[PDB]
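Okay, model25.pdb now, which holds PDB, C-alpha atoms and all ligand atoms:
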```pdb
ATOM      1  CA  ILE A   1     110.253  86.330  97.573  1.00  0.00           C
ATOM      2  CA  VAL A   2     113.029  84.674  99.573  1.00  0.00           C
ATOM      3  CA  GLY A   3     112.116  81.870 101.965  1.00  0.00           C
ATOM      4  CA  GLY A   4     108.460  81.784 100.991  1.00  0.00           C
ATOM      5  CA  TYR A   5     106.082  79.184  99.599  1.00  0.00           C
ATOM      6  CA  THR A   6     104.170  78.581  96.379  1.00  0.00           C
ATOM      7  CA  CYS A   7     100.861  80.422  96.836  1.00  0.00           C
ATOM      8  CA  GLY A   8      98.756  78.150  94.669  1.00  0.00           C
ATOM      9  CA  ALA A   9      97.201  79.204  91.361  1.00  0.00           C
ATOM     10  CA  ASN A  10      94.932  82.254  91.635  1.00  0.00           C
ATOM     11  CA  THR A  11      94.793  82.266  95.444  1.00  0.00           C
ATOM     12  CA  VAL A  12      95.898  85.922  95.401  1.00  0.00           C
ATOM     13  CA  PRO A  13      93.320  87.278  92.873  1.00  0.00           C
ATOM     14  CA  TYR A  14      94.341  90.929  93.297  1.00  0.00           C
ATOM     15  CA  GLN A  15      97.985  90.341  92.377  1.00  0.00           C
ATOM     16  CA  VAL A  16      98.999  91.806  89.045  1.00  0.00           C
ATOM     17  CA  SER A  17     102.152  91.612  86.959  1.00  0.00           C
ATOM     18  CA  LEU A  18     103.379  94.758  85.208  1.00  0.00           C
ATOM     19  CA  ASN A  19     104.818  93.779  81.839  1.00  0.00           C
ATOM     20  CA  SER A  20     106.906  95.773  79.348  1.00  0.00           C
ATOM     21  CA  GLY A  21     107.945  92.804  77.236  1.00  0.00           C
ATOM     22  CA  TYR A  22     108.787  90.999  80.463  1.00  0.00           C
ATOM     23  CA  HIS A  23     107.643  91.059  84.096  1.00  0.00           C
ATOM     24  CA  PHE A  24     109.323  93.917  85.960  1.00  0.00           C
ATOM     25  CA  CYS A  25     107.080  94.792  88.928  1.00  0.00           C
ATOM     26  CA  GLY A  26     104.033  93.682  90.846  1.00  0.00           C
ATOM     27  CA  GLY A  27     100.876  95.635  91.581  1.00  0.00           C
ATOM     28  CA  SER A  28      97.444  95.361  93.188  1.00  0.00           C
ATOM     29  CA  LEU A  29      94.020  95.652  91.561  1.00  0.00           C
ATOM     30  CA  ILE A  30      91.896  98.032  93.650  1.00  0.00           C
ATOM     31  CA  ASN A  31      88.867  98.221  91.328  1.00  0.00           C
ATOM     32  CA  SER A  32      87.890  97.096  87.824  1.00  0.00           C
ATOM     33  CA  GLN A  33      89.959  99.798  86.134  1.00  0.00           C
ATOM     34  CA  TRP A  34      92.716 100.836  88.552  1.00  0.00           C
ATOM     35  CA  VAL A  35      95.953  99.307  89.802  1.00  0.00           C
ATOM     36  CA  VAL A  36      98.273 100.579  92.525  1.00  0.00           C
ATOM     37  CA  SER A  37     102.018  99.922  92.457  1.00  0.00           C
ATOM     38  CA  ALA A  38     105.290 101.583  93.461  1.00  0.00           C
ATOM     39  CA  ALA A  39     106.361 104.897  91.949  1.00  0.00           C
ATOM     40  CA  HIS A  40     109.842 103.489  91.336  1.00  0.00           C
ATOM     41  CA  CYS A  41     108.196 101.017  88.958  1.00  0.00           C
ATOM     42  CA  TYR A  42     107.155 103.852  86.660  1.00  0.00           C
ATOM     43  CA  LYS A  43     107.721 103.264  82.964  1.00  0.00           C
ATOM     44  CA  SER A  44     105.947 103.888  79.665  1.00  0.00           C
ATOM     45  CA  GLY A  45     104.352 101.164  77.555  1.00  0.00           C
ATOM     46  CA  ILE A  46     103.018  99.147  80.482  1.00  0.00           C
ATOM     47  CA  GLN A  47     100.672  96.202  80.010  1.00  0.00           C
ATOM     48  CA  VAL A  48      98.877  94.951  83.106  1.00  0.00           C
ATOM     49  CA  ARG A  49      98.526  91.180  83.407  1.00  0.00           C
ATOM     50  CA  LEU A  50      95.760  89.846  85.643  1.00  0.00           C
ATOM     51  CA  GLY A  51      94.770  86.327  86.664  1.00  0.00           C
ATOM     52  CA  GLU A  52      98.372  85.154  86.417  1.00  0.00           C
ATOM     53  CA  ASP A  53     100.136  82.273  88.132  1.00  0.00           C
ATOM     54  CA  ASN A  54     102.855  81.006  85.782  1.00  0.00           C
ATOM     55  CA  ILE A  55     103.933  84.168  83.950  1.00  0.00           C
ATOM     56  CA  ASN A  56     105.564  82.223  81.100  1.00  0.00           C
ATOM     57  CA  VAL A  57     102.632  79.973  80.203  1.00  0.00           C
ATOM     58  CA  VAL A  58      99.110  80.925  79.106  1.00  0.00           C
ATOM     59  CA  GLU A  59      96.978  78.950  81.548  1.00  0.00           C
ATOM     60  CA  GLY A  60      93.490  80.197  80.734  1.00  0.00           C
ATOM     61  CA  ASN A  61      92.529  82.771  83.355  1.00  0.00           C
ATOM     62  CA  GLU A  62      94.661  85.688  82.211  1.00  0.00           C
ATOM     63  CA  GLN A  63      93.495  89.132  81.175  1.00  0.00           C
ATOM     64  CA  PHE A  64      96.015  91.382  79.424  1.00  0.00           C
ATOM     65  CA  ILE A  65      95.098  95.068  79.465  1.00  0.00           C
ATOM     66  CA  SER A  66      97.212  98.060  78.430  1.00  0.00           C
ATOM     67  CA  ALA A  67      97.555 101.091  80.710  1.00  0.00           C
ATOM     68  CA  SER A  68      96.029 104.362  79.494  1.00  0.00           C
ATOM     69  CA  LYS A  69      97.398 106.629  82.218  1.00  0.00           C
ATOM     70  CA  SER A  70      99.979 106.452  84.994  1.00  0.00           C
ATOM     71  CA  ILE A  71     100.017 108.835  87.947  1.00  0.00           C
ATOM     72  CA  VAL A  72     103.077 108.965  90.192  1.00  0.00           C
ATOM     73  CA  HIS A  73     102.471 110.495  93.625  1.00  0.00           C
ATOM     74  CA  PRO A  74     103.006 114.271  93.478  1.00  0.00           C
ATOM     75  CA  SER A  75     105.562 114.129  96.303  1.00  0.00           C
ATOM     76  CA  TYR A  76     107.539 111.049  95.244  1.00  0.00           C
ATOM     77  CA  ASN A  77     111.248 111.377  96.022  1.00  0.00           C
ATOM     78  CA  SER A  78     113.386 108.881  94.081  1.00  0.00           C
ATOM     79  CA  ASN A  79     116.388 109.455  96.349  1.00  0.00           C
ATOM     80  CA  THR A  80     114.691 108.482  99.618  1.00  0.00           C
ATOM     81  CA  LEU A  81     111.721 106.621  98.104  1.00  0.00           C
ATOM     82  CA  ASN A  82     109.372 108.652 100.297  1.00  0.00           C
ATOM     83  CA  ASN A  83     105.831 108.478  98.834  1.00  0.00           C
ATOM     84  CA  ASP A  84     106.733 105.463  96.690  1.00  0.00           C
ATOM     85  CA  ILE A  85     103.265 104.934  95.259  1.00  0.00           C
ATOM     86  CA  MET A  86     101.700 105.154  91.805  1.00  0.00           C
ATOM     87  CA  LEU A  87      98.264 104.654  90.238  1.00  0.00           C
ATOM     88  CA  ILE A  88      97.691 103.011  86.866  1.00  0.00           C
ATOM     89  CA  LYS A  89      94.418 103.264  84.960  1.00  0.00           C
ATOM     90  CA  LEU A  90      93.533 100.457  82.547  1.00  0.00           C
ATOM     91  CA  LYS A  91      92.357 101.169  78.983  1.00  0.00           C
ATOM     92  CA  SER A  92      89.326  98.986  79.656  1.00  0.00           C
ATOM     93  CA  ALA A  93      87.773  97.539  82.804  1.00  0.00           C
ATOM     94  CA  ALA A  94      88.855  94.041  83.762  1.00  0.00           C
ATOM     95  CA  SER A  95      86.221  91.318  84.049  1.00  0.00           C
ATOM     96  CA  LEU A  96      86.029  90.519  87.748  1.00  0.00           C
ATOM     97  CA  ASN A  97      85.547  86.916  88.850  1.00  0.00           C
ATOM     98  CA  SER A  98      86.929  84.492  91.449  1.00  0.00           C
ATOM     99  CA  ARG A  99      90.412  84.519  89.884  1.00  0.00           C
ATOM    100  CA  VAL A 100      90.513  88.267  89.191  1.00  0.00           C
ATOM    101  CA  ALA A 101      89.306  90.431  92.062  1.00  0.00           C
ATOM    102  CA  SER A 102      90.057  93.745  93.716  1.00  0.00           C
ATOM    103  CA  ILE A 103      91.560  94.183  97.178  1.00  0.00           C
ATOM    104  CA  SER A 104      89.979  96.698  99.563  1.00  0.00           C
ATOM    105  CA  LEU A 105      91.739  99.821 100.805  1.00  0.00           C
ATOM    106  CA  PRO A 106      92.292 100.129 104.571  1.00  0.00           C
ATOM    107  CA  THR A 107      90.105 102.304 106.791  1.00  0.00           C
ATOM    108  CA  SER A 108      92.799 102.271 109.473  1.00  0.00           C
ATOM    109  CA  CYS A 109      96.542 101.654 109.780  1.00  0.00           C
ATOM    110  CA  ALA A 110      97.785  98.238 110.908  1.00  0.00           C
ATOM    111  CA  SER A 111      99.794  97.973 114.135  1.00  0.00           C
ATOM    112  CA  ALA A 112     103.185  96.351 114.633  1.00  0.00           C
ATOM    113  CA  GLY A 113     102.805  92.641 115.315  1.00  0.00           C
ATOM    114  CA  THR A 114     100.105  92.193 112.684  1.00  0.00           C
ATOM    115  CA  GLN A 115     100.720  89.242 110.354  1.00  0.00           C
ATOM    116  CA  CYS A 116     100.515  90.040 106.641  1.00  0.00           C
ATOM    117  CA  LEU A 117     100.776  88.296 103.283  1.00  0.00           C
ATOM    118  CA  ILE A 118     103.384  89.429 100.762  1.00  0.00           C
ATOM    119  CA  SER A 119     103.448  87.975  97.249  1.00  0.00           C
ATOM    120  CA  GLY A 120     105.393  88.268  94.012  1.00  0.00           C
ATOM    121  CA  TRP A 121     107.411  86.736  91.176  1.00  0.00           C
ATOM    122  CA  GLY A 122     110.703  88.184  92.402  1.00  0.00           C
ATOM    123  CA  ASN A 123     114.122  86.671  93.080  1.00  0.00           C
ATOM    124  CA  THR A 124     114.019  83.751  95.536  1.00  0.00           C
ATOM    125  CA  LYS A 125     117.698  83.797  96.549  1.00  0.00           C
ATOM    126  CA  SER A 126     119.429  86.006  99.134  1.00  0.00           C
ATOM    127  CA  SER A 127     122.711  85.311  97.354  1.00  0.00           C
ATOM    128  CA  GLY A 128     122.706  84.884  93.597  1.00  0.00           C
ATOM    129  CA  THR A 129     119.594  84.900  91.428  1.00  0.00           C
ATOM    130  CA  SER A 130     116.727  82.531  90.682  1.00  0.00           C
ATOM    131  CA  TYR A 131     113.429  83.822  89.333  1.00  0.00           C
ATOM    132  CA  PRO A 132     110.314  81.653  89.732  1.00  0.00           C
ATOM    133  CA  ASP A 133     107.644  81.435  87.077  1.00  0.00           C
ATOM    134  CA  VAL A 134     104.807  80.894  89.559  1.00  0.00           C
ATOM    135  CA  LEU A 135     103.622  83.244  92.308  1.00  0.00           C
ATOM    136  CA  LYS A 136     105.370  82.996  95.687  1.00  0.00           C
ATOM    137  CA  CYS A 137     103.874  83.889  99.075  1.00  0.00           C
ATOM    138  CA  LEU A 138     105.342  84.989 102.412  1.00  0.00           C
ATOM    139  CA  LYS A 139     103.797  85.459 105.850  1.00  0.00           C
ATOM    140  CA  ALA A 140     105.473  88.357 107.650  1.00  0.00           C
ATOM    141  CA  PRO A 141     104.746  90.581 110.664  1.00  0.00           C
ATOM    142  CA  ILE A 142     104.866  94.369 110.727  1.00  0.00           C
ATOM    143  CA  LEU A 143     107.810  95.474 112.867  1.00  0.00           C
ATOM    144  CA  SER A 144     107.743  98.455 115.227  1.00  0.00           C
ATOM    145  CA  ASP A 145     109.502 101.553 113.893  1.00  0.00           C
ATOM    146  CA  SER A 146     111.802 101.656 116.921  1.00  0.00           C
ATOM    147  CA  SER A 147     112.999  98.065 116.550  1.00  0.00           C
ATOM    148  CA  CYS A 148     113.516  98.528 112.820  1.00  0.00           C
ATOM    149  CA  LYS A 149     115.572 101.706 113.194  1.00  0.00           C
ATOM    150  CA  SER A 150     117.788 100.387 115.993  1.00  0.00           C
ATOM    151  CA  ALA A 151     118.667  97.188 114.132  1.00  0.00           C
ATOM    152  CA  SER A 152     119.003  98.365 110.521  1.00  0.00           C
ATOM    153  CA  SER A 153     120.188 101.969 110.692  1.00  0.00           C
ATOM    154  CA  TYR A 154     117.653 102.663 107.930  1.00  0.00           C
ATOM    155  CA  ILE A 155     116.073 106.102 107.812  1.00  0.00           C
ATOM    156  CA  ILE A 156     112.346 105.557 107.377  1.00  0.00           C
ATOM    157  CA  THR A 157     109.640 108.192 107.125  1.00  0.00           C
ATOM    158  CA  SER A 158     106.108 108.246 108.513  1.00  0.00           C
ATOM    159  CA  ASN A 159     105.047 106.937 105.100  1.00  0.00           C
ATOM    160  CA  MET A 160     106.974 103.690 105.487  1.00  0.00           C
ATOM    161  CA  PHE A 161     106.925 100.636 107.730  1.00  0.00           C
ATOM    162  CA  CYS A 162     109.231  97.656 108.062  1.00  0.00           C
ATOM    163  CA  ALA A 163     108.015  94.079 107.896  1.00  0.00           C
ATOM    164  CA  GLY A 164     109.795  90.760 107.981  1.00  0.00           C
ATOM    165  CA  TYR A 165     112.379  89.151 110.221  1.00  0.00           C
ATOM    166  CA  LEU A 166     115.459  90.745 111.755  1.00  0.00           C
ATOM    167  CA  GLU A 167     117.009  87.273 111.786  1.00  0.00           C
ATOM    168  CA  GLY A 168     116.863  87.308 107.986  1.00  0.00           C
ATOM    169  CA  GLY A 169     116.041  84.365 105.739  1.00  0.00           C
ATOM    170  CA  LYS A 170     112.574  85.544 104.671  1.00  0.00           C
ATOM    171  CA  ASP A 171     111.901  88.747 102.748  1.00  0.00           C
ATOM    172  CA  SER A 172     110.624  90.246  99.502  1.00  0.00           C
ATOM    173  CA  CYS A 173     113.245  90.869  96.806  1.00  0.00           C
ATOM    174  CA  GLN A 174     114.079  92.252  93.346  1.00  0.00           C
ATOM    175  CA  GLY A 175     111.060  91.820  91.099  1.00  0.00           C
ATOM    176  CA  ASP A 176     108.555  91.865  93.955  1.00  0.00           C
ATOM    177  CA  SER A 177     108.586  95.675  93.905  1.00  0.00           C
ATOM    178  CA  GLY A 178     105.182  97.320  93.627  1.00  0.00           C
ATOM    179  CA  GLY A 179     103.521  94.179  94.966  1.00  0.00           C
ATOM    180  CA  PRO A 180     100.944  93.893  97.791  1.00  0.00           C
ATOM    181  CA  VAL A 181     101.271  93.529 101.548  1.00  0.00           C
ATOM    182  CA  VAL A 182      97.845  92.445 102.747  1.00  0.00           C
ATOM    183  CA  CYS A 183      96.835  92.348 106.403  1.00  0.00           C
ATOM    184  CA  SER A 184      93.367  91.551 107.719  1.00  0.00           C
ATOM    185  CA  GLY A 185      92.100  91.414 104.142  1.00  0.00           C
ATOM    186  CA  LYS A 186      93.104  94.997 103.343  1.00  0.00           C
ATOM    187  CA  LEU A 187      95.976  96.465 101.320  1.00  0.00           C
ATOM    188  CA  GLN A 188      98.297  97.956 103.954  1.00  0.00           C
ATOM    189  CA  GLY A 189     101.568  98.054 102.070  1.00  0.00           C
ATOM    190  CA  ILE A 190     103.475  98.162  98.803  1.00  0.00           C
ATOM    191  CA  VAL A 191     106.837  96.428  98.313  1.00  0.00           C
ATOM    192  CA  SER A 192     109.263  99.366  98.150  1.00  0.00           C
ATOM    193  CA  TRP A 193     112.883  98.845  99.204  1.00  0.00           C
ATOM    194  CA  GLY A 194     115.480  97.139 101.345  1.00  0.00           C
ATOM    195  CA  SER A 195     119.220  96.527 101.630  1.00  0.00           C
ATOM    196  CA  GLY A 196     119.813  93.323  99.702  1.00  0.00           C
ATOM    197  CA  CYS A 197     117.296  90.556 100.390  1.00  0.00           C
ATOM    198  CA  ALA A 198     116.669  88.518 103.535  1.00  0.00           C
ATOM    199  CA  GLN A 199     119.852  89.812 105.168  1.00  0.00           C
ATOM    200  CA  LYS A 200     120.143  89.898 108.954  1.00  0.00           C
ATOM    201  CA  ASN A 201     118.988  93.203 110.471  1.00  0.00           C
ATOM    202  CA  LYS A 202     117.929  94.427 107.021  1.00  0.00           C
ATOM    203  CA  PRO A 203     114.156  93.894 106.732  1.00  0.00           C
ATOM    204  CA  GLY A 204     111.937  95.049 103.900  1.00  0.00           C
ATOM    205  CA  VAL A 205     110.515  98.568 103.845  1.00  0.00           C
ATOM    206  CA  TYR A 206     106.980  99.105 102.592  1.00  0.00           C
ATOM    207  CA  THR A 207     104.898 102.094 101.529  1.00  0.00           C
ATOM    208  CA  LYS A 208     102.263 102.786 104.205  1.00  0.00           C
ATOM    209  CA  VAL A 209      99.068 102.698 102.144  1.00  0.00           C
ATOM    210  CA  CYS A 210      96.746 103.883 104.919  1.00  0.00           C
ATOM    211  CA  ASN A 211      98.334 107.355 104.590  1.00  0.00           C
ATOM    212  CA  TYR A 212      97.261 107.582 100.936  1.00  0.00           C
ATOM    213  CA  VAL A 213      93.621 106.495 100.943  1.00  0.00           C
ATOM    214  CA  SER A 214      92.303 110.036 100.458  1.00  0.00           C
ATOM    215  CA  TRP A 215      94.673 110.731  97.563  1.00  0.00           C
ATOM    216  CA  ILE A 216      93.798 107.415  95.917  1.00  0.00           C
ATOM    217  CA  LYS A 217      90.027 107.923  96.154  1.00  0.00           C
ATOM    218  CA  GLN A 218      90.162 111.539  94.954  1.00  0.00           C
ATOM    219  CA  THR A 219      92.410 110.696  92.020  1.00  0.00           C
ATOM    220  CA  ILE A 220      90.284 107.755  90.893  1.00  0.00           C
ATOM    221  CA  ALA A 221      87.129 109.873  91.121  1.00  0.00           C
ATOM    222  CA  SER A 222      88.308 112.460  88.585  1.00  0.00           C
ATOM    223  CA  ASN A 223      90.487 110.466  86.184  1.00  0.00           C
TER     224      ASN A 223
HETATM  225  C1  LIG A 301     118.035  96.060  93.510  1.00  0.00           C
HETATM  226  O1  LIG A 301     118.401  94.655  93.785  1.00  0.00           O
HETATM  227  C2  LIG A 301     118.016  93.872  94.932  1.00  0.00           C
HETATM  228  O2  LIG A 301     118.375  92.681  95.081  1.00  0.00           O
HETATM  229  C3  LIG A 301     117.096  94.529  96.070  1.00  0.00           C
HETATM  230  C4  LIG A 301     115.655  94.600  95.569  1.00  0.00           C
HETATM  231  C5  LIG A 301     114.567  94.821  96.615  1.00  0.00           C
HETATM  232  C6  LIG A 301     113.465  95.645  96.276  1.00  0.00           C
HETATM  233  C7  LIG A 301     112.419  95.883  97.205  1.00  0.00           C
HETATM  234  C8  LIG A 301     112.473  95.289  98.493  1.00  0.00           C
HETATM  235  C9  LIG A 301     113.581  94.431  98.908  1.00  0.00           C
HETATM  236  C10 LIG A 301     113.604  93.857 100.193  1.00  0.00           C
HETATM  237  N1  LIG A 301     114.691  93.532 100.865  1.00  0.00           N
HETATM  238  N2  LIG A 301     112.516  93.568 100.897  1.00  0.00           N
HETATM  239  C11 LIG A 301     114.630  94.211  97.930  1.00  0.00           C
HETATM  240  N3  LIG A 301     117.483  95.881  96.564  1.00  0.00           N
HETATM  241  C12 LIG A 301     118.670  96.202  97.094  1.00  0.00           C
HETATM  242  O3  LIG A 301     119.525  95.375  97.399  1.00  0.00           O
HETATM  243  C13 LIG A 301     118.938  97.673  97.333  1.00  0.00           C
HETATM  244  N4  LIG A 301     119.930  97.932  98.402  1.00  0.00           N
HETATM  245  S1  LIG A 301     121.385  98.687  98.015  1.00  0.00           S
HETATM  246  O4  LIG A 301     122.086  99.026  99.405  1.00  0.00           O
HETATM  247  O5  LIG A 301     122.112  97.600  97.145  1.00  0.00           O
HETATM  248  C14 LIG A 301     121.044 100.085  97.038  1.00  0.00           C
HETATM  249  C15 LIG A 301     120.380 101.237  97.593  1.00  0.00           C
HETATM  250  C16 LIG A 301     120.122 102.353  96.727  1.00  0.00           C
HETATM  251  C17 LIG A 301     120.524 102.293  95.349  1.00  0.00           C
HETATM  252  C18 LIG A 301     120.277 103.416  94.412  1.00  0.00           C
HETATM  253  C19 LIG A 301     121.179 101.136  94.839  1.00  0.00           C
HETATM  254  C20 LIG A 301     121.441 100.036  95.673  1.00  0.00           C
HETATM  255 CA    CA A 302     100.124  82.747  82.639  1.00  0.00          CA
END
```
Written as structure tokens, how would this file's structure read?
Amino acid sequence: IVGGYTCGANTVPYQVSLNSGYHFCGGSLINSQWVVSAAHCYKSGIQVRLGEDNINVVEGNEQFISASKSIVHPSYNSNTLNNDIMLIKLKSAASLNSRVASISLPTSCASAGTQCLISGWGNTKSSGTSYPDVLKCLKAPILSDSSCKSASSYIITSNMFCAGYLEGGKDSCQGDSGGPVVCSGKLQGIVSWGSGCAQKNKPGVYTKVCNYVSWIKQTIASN
């Protein structure tokens, strides 16, 4: 997260860290045994870390649970990142409490102008690299598709939405991938891609979760 602020320990209870010997992507807990992340974060040997704040220090509220199954969206395209979404089932159910909780799925799609919360342990610099050990937060609005296209020259699909600031300075970044974009207390997006980080006229692009609710529910029900 570039240009954000320190969230505060466990204030984003649904945030998860995907670990394969080190943190490599974020994710969101949607129920006691399932996590949603980005398809481009797919990898074998994933351990899900819940209740985290400082990812390099055991602070007392963590829950480390190995993944038993990963399901990448059937239509994921790694070239365009269309359908950049993946489901991860935990080997055992997490113990839900005030520091470890699930985030609800949306019943409707959020409109442009809506303010959302983006969080992650990703790079905090637009130029160079600096990775924080504690969770960072960013308040960002959903941009209209028309304004995003005209300013960035990105090619986005109906399964994506831009969020952030065209003026640059604030944005998600490397390492925040797979993380949550929460608006009105519901999971509306997943950190997917962007050109660099916090660059002018190059906002972040997010997976539009509201288009996948049916797939998510059906998959969880039979797996
Ligand atoms: C990969 O390194 C980076 O610093 C960022 C990461 C990132 C990830 C998710 C969201 C954001 C964001 N801005 N909100 C940033 N992405 C890039 O800089 C990628 N742009 S790119 O034009 O460098 C590019 C595009 C395609 C390939 C195969 C490789 C590189
Ligand atoms: Ca920790």
**Asked** Using only C-alpha atoms, which of the listed residues (A:4, A:205, A:47, A:83) sits closest to residue 69 in chain A?
**Response** A:47
**Prompt:** ligand CA 302 (chain A): which residues are within 8 Å, counting only C-alpha atoms and all ligand atoms, as a PyMOL selection string?
**Reply:** chain A and resi 51-62
**Request:** State, in Å with one decimal place, the distance from CA of residue 164 in chain A to CA of residue 30 in chain A.
**Result:** 24.1 Å
**Asked** From the set A:220, A:140, A:12, A:29, which residue has the shortest atom-to-atom contact distance to ligand LIG 301 (chain A), counting only C-alpha atoms and all ligand atoms?
**Response**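 For ligand LIG 301 (chain A), the nearest of the given residues is A:140.
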**Prompt:** For this file, the PyMOL selection byres (((chain A and resi 171) around 7) and not hetatm) selects which residues, as number ranges by chain?
**Reply:** A: 1-3, 164, 169-170, 172-173, 197-198, 203-204
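Nearest to ligand LIG 301 (chain A) of all the residues A:41, A:36, A:93, A:187 is A:41, counting all atoms listed in the file.
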**Message:** Taking (89.0, 91.1, 96.6) in the coordinates of the supplied file, I want to know which residues reach to within 8 Å of it, counting only C-alpha atoms; could you give the answer as a ChimeraX atom specification?
**Reply:** /A:13-14,101-104
Hey, which residues come within 10 Å of ligand LIG 301 (chain A) if we count all atoms listed in the file? Could you give them as a PDB file with C-alpha atoms, keeping the file's coordinate frame?
```pdb
ATOM      1  CA  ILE A   1     110.253  86.330  97.573  1.00  0.00           C
ATOM      2  CA  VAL A   2     113.029  84.674  99.573  1.00  0.00           C
ATOM      3  CA  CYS A  25     107.080  94.792  88.928  1.00  0.00           C
ATOM      4  CA  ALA A  38     105.290 101.583  93.461  1.00  0.00           C
ATOM      5  CA  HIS A  40     109.842 103.489  91.336  1.00  0.00           C
ATOM      6  CA  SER A  78     113.386 108.881  94.081  1.00  0.00           C
ATOM      7  CA  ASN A  79     116.388 109.455  96.349  1.00  0.00           C
ATOM      8  CA  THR A  80     114.691 108.482  99.618  1.00  0.00           C
ATOM      9  CA  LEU A  81     111.721 106.621  98.104  1.00  0.00           C
ATOM     10  CA  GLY A 122     110.703  88.184  92.402  1.00  0.00           C
ATOM     11  CA  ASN A 123     114.122  86.671  93.080  1.00  0.00           C
ATOM     12  CA  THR A 124     114.019  83.751  95.536  1.00  0.00           C
ATOM     13  CA  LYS A 125     117.698  83.797  96.549  1.00  0.00           C
ATOM     14  CA  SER A 126     119.429  86.006  99.134  1.00  0.00           C
ATOM     15  CA  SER A 127     122.711  85.311  97.354  1.00  0.00           C
ATOM     16  CA  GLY A 128     122.706  84.884  93.597  1.00  0.00           C
ATOM     17  CA  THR A 129     119.594  84.900  91.428  1.00  0.00           C
ATOM     18  CA  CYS A 162     109.231  97.656 108.062  1.00  0.00           C
ATOM     19  CA  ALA A 163     108.015  94.079 107.896  1.00  0.00           C
ATOM     20  CA  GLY A 164     109.795  90.760 107.981  1.00  0.00           C
ATOM     21  CA  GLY A 168     116.863  87.308 107.986  1.00  0.00           C
ATOM     22  CA  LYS A 170     112.574  85.544 104.671  1.00  0.00           C
ATOM     23  CA  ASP A 171     111.901  88.747 102.748  1.00  0.00           C
ATOM     24  CA  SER A 172     110.624  90.246  99.502  1.00  0.00           C
ATOM     25  CA  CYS A 173     113.245  90.869  96.806  1.00  0.00           C
ATOM     26  CA  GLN A 174     114.079  92.252  93.346  1.00  0.00           C
ATOM     27  CA  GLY A 175     111.060  91.820  91.099  1.00  0.00           C
ATOM     28  CA  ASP A 176     108.555  91.865  93.955  1.00  0.00           C
ATOM     29  CA  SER A 177     108.586  95.675  93.905  1.00  0.00           C
ATOM     30  CA  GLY A 178     105.182  97.320  93.627  1.00  0.00           C
ATOM     31  CA  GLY A 179     103.521  94.179  94.966  1.00  0.00           C
ATOM     32  CA  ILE A 190     103.475  98.162  98.803  1.00  0.00           C
ATOM     33  CA  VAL A 191     106.837  96.428  98.313  1.00  0.00           C
ATOM     34  CA  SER A 192     109.263  99.366  98.150  1.00  0.00           C
ATOM     35  CA  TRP A 193     112.883  98.845  99.204  1.00  0.00           C
ATOM     36  CA  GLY A 194     115.480  97.139 101.345  1.00  0.00           C
ATOM     37  CA  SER A 195     119.220  96.527 101.630  1.00  0.00           C
ATOM     38  CA  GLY A 196     119.813  93.323  99.702  1.00  0.00           C
ATOM     39  CA  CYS A 197     117.296  90.556 100.390  1.00  0.00           C
ATOM     40  CA  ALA A 198     116.669  88.518 103.535  1.00  0.00           C
ATOM     41  CA  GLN A 199     119.852  89.812 105.168  1.00  0.00           C
ATOM     42  CA  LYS A 202     117.929  94.427 107.021  1.00  0.00           C
ATOM     43  CA  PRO A 203     114.156  93.894 106.732  1.00  0.00           C
ATOM     44  CA  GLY A 204     111.937  95.049 103.900  1.00  0.00           C
ATOM     45  CA  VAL A 205     110.515  98.568 103.845  1.00  0.00           C
ATOM     46  CA  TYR A 206     106.980  99.105 102.592  1.00  0.00           C
TER      47      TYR A 206
END
```
**Item:** Result set of the PyMOL selection byres (((chain A and resi 64) around 7) and not hetatm) on the coordinates above, as a list in words
**Value:**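 Residues picked by the PyMOL selection byres (((chain A and resi 64) around 7) and not hetatm): residues 47, 48, 49, 50, 62, 63, 65 and 66 of chain A.
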For the file shown, report as an mmCIF file with C-alpha atoms, keeping the file's coordinate frame the outcome of the PyMOL selection byres (((chain A and resi 209) around 9) and not hetatm) at residue level.
```cif
data_model
loop_
_atom_site.group_PDB
_atom_site.id
_atom_site.type_symbol
_atom_site.label_atom_id
_atom_site.label_comp_id
_atom_site.auth_asym_id
_atom_site.auth_seq_id
_atom_site.Cartn_x
_atom_site.Cartn_y
_atom_site.Cartn_z
ATOM 1 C CA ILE A 85 103.265 104.934 95.259
ATOM 2 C CA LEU A 105 91.739 99.821 100.805
ATOM 3 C CA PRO A 106 92.292 100.129 104.571
ATOM 4 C CA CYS A 109 96.542 101.654 109.780
ATOM 5 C CA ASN A 159 105.047 106.937 105.100
ATOM 6 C CA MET A 160 106.974 103.690 105.487
ATOM 7 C CA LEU A 187 95.976 96.465 101.320
ATOM 8 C CA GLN A 188 98.297 97.956 103.954
ATOM 9 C CA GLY A 189 101.568 98.054 102.070
ATOM 10 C CA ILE A 190 103.475 98.162 98.803
ATOM 11 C CA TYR A 206 106.980 99.105 102.592
ATOM 12 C CA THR A 207 104.898 102.094 101.529
ATOM 13 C CA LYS A 208 102.263 102.786 104.205
ATOM 14 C CA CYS A 210 96.746 103.883 104.919
ATOM 15 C CA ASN A 211 98.334 107.355 104.590
ATOM 16 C CA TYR A 212 97.261 107.582 100.936
ATOM 17 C CA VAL A 213 93.621 106.495 100.943
#
```
**Request:** Could you check how far CA of residue 6 in chain A sits from CA of residue 131 in chain A, in Å to one decimal?
**Result:**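 Going from CA of residue 6 in chain A over to CA of residue 131 in chain A covers 12.8 Å.
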**Prompt:** CA of residue 223 in chain A and CA of residue 98 in chain A are how many Å apart?
**Reply:**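 These two atoms are separated by 26.7 Å.
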**Message:** Considering all atoms listed in the file, can you say which of A:149, A:26, A:110, A:21 comes closest to residue 136 in chain A?
**Reply:**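 Looking only at the distances to residue 136 in chain A, the closest residue turns out to be A:26.
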Grab all the atoms of range 28-42 of chain A that the file lists, wrap them in a box along x, y and z, add 6 Å per side, and give me centre plus edge lengths in Å (one decimal) as AutoDock Vina command-line options.
```
--center_x 98.9 --center_y 100.1 --center_z 89.9 --size_x 34.0 --size_y 21.5 --size_z 19.5
```
